[PDB]
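Only one structure is covered here, and it is reproduced in the block below.
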There are 2 protein chains.
Amino acid sequence: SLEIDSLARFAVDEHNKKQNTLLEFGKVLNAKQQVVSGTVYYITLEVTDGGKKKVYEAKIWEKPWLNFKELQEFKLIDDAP
Amino acid sequence: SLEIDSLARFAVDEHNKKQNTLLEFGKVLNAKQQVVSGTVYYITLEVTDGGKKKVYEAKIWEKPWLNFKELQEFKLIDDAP
């Protein structure tokens with residue numbers, strides 16, 4: 001199973017296309033393949049701290065059938081809503 | 001948005017635990033869900049340009065049943081393999 005070869009040269013073909021670098025392809029060295037499932041939720045929410053109200057952004061990730069709740073992000077959107 | 005409010009409280013909680021802040025919930029202002037399905041690829045590979053050889057980090061995210069391939073990372077690892 002060497003689809004890994006296609007992705008490697010193609011990865012050089014896009015750095016060939018992105019940047020103007022003419023790199024020749026040697027061979028695949030190491031590989032790591034992990035299929036990602038689930039359903040990601042972006043939540044914009046209103047919250048309170050020190051009496052003042054703030055607005056944050058929360059990127060939550062789930063694998064609901066495996067009892068997985070993981071929080072990837074908690075950015076601060078608005079200091080003064 | 002009745003039990004995604006339930007997941008909005010998740011975010012503020014695991015924030016406070018991970019972050020030691022004291023945010024108290026308010027309400028959700030907006031939310032968009034994104035079901036994800038695909039395969040990701042981490043490949044080190046050997047490259048050649050200008051004579052001597054190199055090795056590159058390559059992050060590759062593809063959705064195989066659409067033949068779509070997305071090249072994300074391509075960071076130079078070392079100029080010595």
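Ligands are numbered from 1 in the order shown, chains are lettered A, B, ... in the order of the structure tokens, and residues start at 1 in each chain.
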Which residues of chain B sit at most 7 Å from chain A, using only C-alpha atoms? Give each one's shortest atom pair and distance in Å (one decimal place), in chain and ascending residue order, as JSON lines.
```
{"residue": "B:8", "atom": "CA", "partner": "A:43", "partner_atom": "CA", "distance": 6.8}
{"residue": "B:11", "atom": "CA", "partner": "A:58", "partner_atom": "CA", "distance": 6.4}
{"residue": "B:22", "atom": "CA", "partner": "A:49", "partner_atom": "CA", "distance": 6.4}
{"residue": "B:23", "atom": "CA", "partner": "A:49", "partner_atom": "CA", "distance": 4.9}
{"residue": "B:24", "atom": "CA", "partner": "A:48", "partner_atom": "CA", "distance": 5.2}
{"residue": "B:25", "atom": "CA", "partner": "A:47", "partner_atom": "CA", "distance": 4.8}
{"residue": "B:26", "atom": "CA", "partner": "A:47", "partner_atom": "CA", "distance": 4.5}
{"residue": "B:27", "atom": "CA", "partner": "A:46", "partner_atom": "CA", "distance": 5.3}
{"residue": "B:28", "atom": "CA", "partner": "A:45", "partner_atom": "CA", "distance": 4.1}
{"residue": "B:29", "atom": "CA", "partner": "A:45", "partner_atom": "CA", "distance": 5.0}
{"residue": "B:30", "atom": "CA", "partner": "A:44", "partner_atom": "CA", "distance": 4.9}
{"residue": "B:31", "atom": "CA", "partner": "A:43", "partner_atom": "CA", "distance": 4.5}
{"residue": "B:32", "atom": "CA", "partner": "A:42", "partner_atom": "CA", "distance": 5.5}
{"residue": "B:33", "atom": "CA", "partner": "A:41", "partner_atom": "CA", "distance": 4.6}
{"residue": "B:34", "atom": "CA", "partner": "A:40", "partner_atom": "CA", "distance": 5.1}
{"residue": "B:35", "atom": "CA", "partner": "A:39", "partner_atom": "CA", "distance": 4.0}
{"residue": "B:36", "atom": "CA", "partner": "A:39", "partner_atom": "CA", "distance": 5.4}
{"residue": "B:37", "atom": "CA", "partner": "A:37", "partner_atom": "CA", "distance": 4.9}
{"residue": "B:38", "atom": "CA", "partner": "A:36", "partner_atom": "CA", "distance": 5.7}
{"residue": "B:39", "atom": "CA", "partner": "A:35", "partner_atom": "CA", "distance": 4.1}
{"residue": "B:40", "atom": "CA", "partner": "A:34", "partner_atom": "CA", "distance": 5.7}
{"residue": "B:41", "atom": "CA", "partner": "A:33", "partner_atom": "CA", "distance": 4.8}
{"residue": "B:42", "atom": "CA", "partner": "A:32", "partner_atom": "CA", "distance": 4.8}
{"residue": "B:43", "atom": "CA", "partner": "A:31", "partner_atom": "CA", "distance": 4.6}
{"residue": "B:44", "atom": "CA", "partner": "A:30", "partner_atom": "CA", "distance": 5.0}
{"residue": "B:45", "atom": "CA", "partner": "A:28", "partner_atom": "CA", "distance": 4.5}
{"residue": "B:46", "atom": "CA", "partner": "A:26", "partner_atom": "CA", "distance": 4.7}
{"residue": "B:47", "atom": "CA", "partner": "A:25", "partner_atom": "CA", "distance": 4.9}
{"residue": "B:48", "atom": "CA", "partner": "A:24", "partner_atom": "CA", "distance": 4.8}
{"residue": "B:49", "atom": "CA", "partner": "A:23", "partner_atom": "CA", "distance": 4.8}
{"residue": "B:71", "atom": "CA", "partner": "A:11", "partner_atom": "CA", "distance": 6.3}
```
Hey, could you lay chain B over chain A with a least-squares C-alpha fit (all atoms, paired in order) and save it as a CSV table (one decimal) with C-alpha atoms, in the first residue's frame?
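New file part.csv:
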```
chain,number,residue,atom,x,y,z
B,1,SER,CA,4.1,2.2,0.6
B,2,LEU,CA,3.6,1.9,-3.1
B,3,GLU,CA,0.8,4.5,-3.9
B,4,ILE,CA,1.4,6.6,-0.8
B,5,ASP,CA,4.7,7.3,-2.7
B,6,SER,CA,2.1,8.7,-5.2
B,7,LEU,CA,0.8,11.0,-2.5
B,8,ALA,CA,4.3,12.0,-1.4
B,9,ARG,CA,4.9,13.3,-4.9
B,10,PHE,CA,1.6,15.3,-4.5
B,11,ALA,CA,3.1,17.1,-1.5
B,12,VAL,CA,6.3,18.1,-3.3
B,13,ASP,CA,4.4,19.2,-6.4
B,14,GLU,CA,1.8,21.4,-4.7
B,15,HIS,CA,4.6,22.7,-2.6
B,16,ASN,CA,6.5,23.9,-5.6
B,17,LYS,CA,3.3,25.4,-7.1
B,18,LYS,CA,2.2,27.1,-3.9
B,19,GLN,CA,5.8,27.9,-3.0
B,20,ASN,CA,7.7,28.4,-6.3
B,21,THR,CA,10.5,26.2,-5.0
B,22,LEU,CA,12.2,23.5,-7.1
B,23,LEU,CA,12.4,20.4,-4.9
B,24,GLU,CA,12.8,17.2,-6.8
B,25,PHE,CA,11.5,14.0,-5.1
B,26,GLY,CA,13.5,11.3,-3.4
B,27,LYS,CA,11.6,8.7,-1.4
B,28,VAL,CA,9.4,8.3,1.7
B,29,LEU,CA,11.1,7.6,5.0
B,30,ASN,CA,8.1,7.1,7.2
B,31,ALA,CA,4.3,7.5,7.1
B,32,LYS,CA,1.4,7.0,9.5
B,33,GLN,CA,-2.3,7.2,8.5
B,34,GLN,CA,-5.0,8.6,10.8
B,35,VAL,CA,-8.7,8.0,10.0
B,36,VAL,CA,-10.6,10.9,11.5
B,37,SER,CA,-14.3,10.9,12.4
B,38,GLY,CA,-16.1,13.4,14.6
B,39,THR,CA,-17.8,16.8,15.0
B,40,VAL,CA,-16.4,20.3,15.5
B,41,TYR,CA,-18.1,23.2,17.1
B,42,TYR,CA,-17.6,27.0,16.8
B,43,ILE,CA,-19.6,28.8,19.5
B,44,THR,CA,-19.6,32.4,20.6
B,45,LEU,CA,-21.2,32.7,24.0
B,46,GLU,CA,-21.9,35.3,26.7
B,47,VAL,CA,-19.9,35.1,30.0
B,48,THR,CA,-19.9,37.0,33.3
B,49,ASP,CA,-17.3,37.5,36.0
B,50,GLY,CA,-16.7,40.5,38.2
B,51,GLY,CA,-19.9,42.2,37.1
B,52,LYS,CA,-19.8,43.3,33.5
B,53,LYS,CA,-20.3,40.8,30.6
B,54,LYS,CA,-18.1,39.4,27.9
B,55,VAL,CA,-18.2,37.2,24.7
B,56,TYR,CA,-15.7,34.5,24.0
B,57,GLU,CA,-14.6,32.5,20.9
B,58,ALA,CA,-15.0,28.8,21.6
B,59,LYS,CA,-13.7,26.0,19.4
B,60,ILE,CA,-15.0,22.6,20.5
B,61,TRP,CA,-14.1,19.2,18.9
B,62,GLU,CA,-16.1,16.2,20.2
B,63,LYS,CA,-16.6,12.7,19.1
B,64,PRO,CA,-20.3,12.3,19.9
B,65,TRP,CA,-20.8,8.5,20.0
B,66,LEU,CA,-18.0,8.3,22.7
B,67,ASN,CA,-19.2,11.3,24.7
B,68,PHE,CA,-15.7,12.7,24.4
B,69,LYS,CA,-15.3,16.4,24.2
B,70,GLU,CA,-12.1,18.3,23.5
B,71,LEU,CA,-11.9,22.1,24.2
B,72,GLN,CA,-9.3,23.6,21.9
B,73,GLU,CA,-9.8,27.4,21.6
B,74,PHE,CA,-11.3,29.8,24.1
B,75,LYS,CA,-10.0,33.2,23.0
B,76,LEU,CA,-11.4,36.4,24.4
B,77,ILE,CA,-13.4,38.1,21.6
B,78,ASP,CA,-14.6,41.3,23.2
B,79,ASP,CA,-15.3,42.8,26.7
B,80,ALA,CA,-18.5,44.4,25.3
B,81,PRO,CA,-21.5,42.4,24.0
```
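These are the residues of chain A assigned helix (DSSP H, G or I) by DSSP from backbone coordinates: residues 3, 4, 5, 6, 7, 8, 9, 10, 11, 12, 13, 14, 15, 16, 17, 18, 64, 65 and 66 of chain A.
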Residues as selected, C-alpha atoms, written as an mmCIF file, in the first residue's frame, can you do that?
```
data_model
loop_
_atom_site.group_PDB
_atom_site.id
_atom_site.type_symbol
_atom_site.label_atom_id
_atom_site.label_comp_id
_atom_site.auth_asym_id
_atom_site.auth_seq_id
_atom_site.Cartn_x
_atom_site.Cartn_y
_atom_site.Cartn_z
ATOM 1 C CA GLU A 3 -0.557 5.843 -1.700
ATOM 2 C CA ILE A 4 1.995 7.470 0.646
ATOM 3 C CA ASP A 5 4.201 7.866 -2.430
ATOM 4 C CA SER A 6 1.563 9.884 -4.298
ATOM 5 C CA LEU A 7 0.963 12.213 -1.345
ATOM 6 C CA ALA A 8 4.717 12.774 -0.983
ATOM 7 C CA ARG A 9 5.472 13.853 -4.563
ATOM 8 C CA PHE A 10 2.178 15.764 -4.588
ATOM 9 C CA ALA A 11 3.281 17.540 -1.405
ATOM 10 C CA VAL A 12 6.429 18.522 -3.294
ATOM 11 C CA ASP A 13 4.302 19.387 -6.336
ATOM 12 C CA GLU A 14 2.318 21.901 -4.272
ATOM 13 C CA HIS A 15 5.356 23.470 -2.634
ATOM 14 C CA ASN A 16 6.475 23.475 -6.268
ATOM 15 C CA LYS A 17 3.239 25.341 -7.093
ATOM 16 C CA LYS A 18 2.984 27.441 -3.913
ATOM 17 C CA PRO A 64 -20.308 11.292 20.636
ATOM 18 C CA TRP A 65 -20.478 7.490 20.399
ATOM 19 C CA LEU A 66 -17.153 7.060 22.253
#
```
What parts of chain A does DSSP call strand (DSSP E or B)? I'd like the answer as a PyMOL selection string.
chain A and resi 24-36+39-49+52-63+68-78
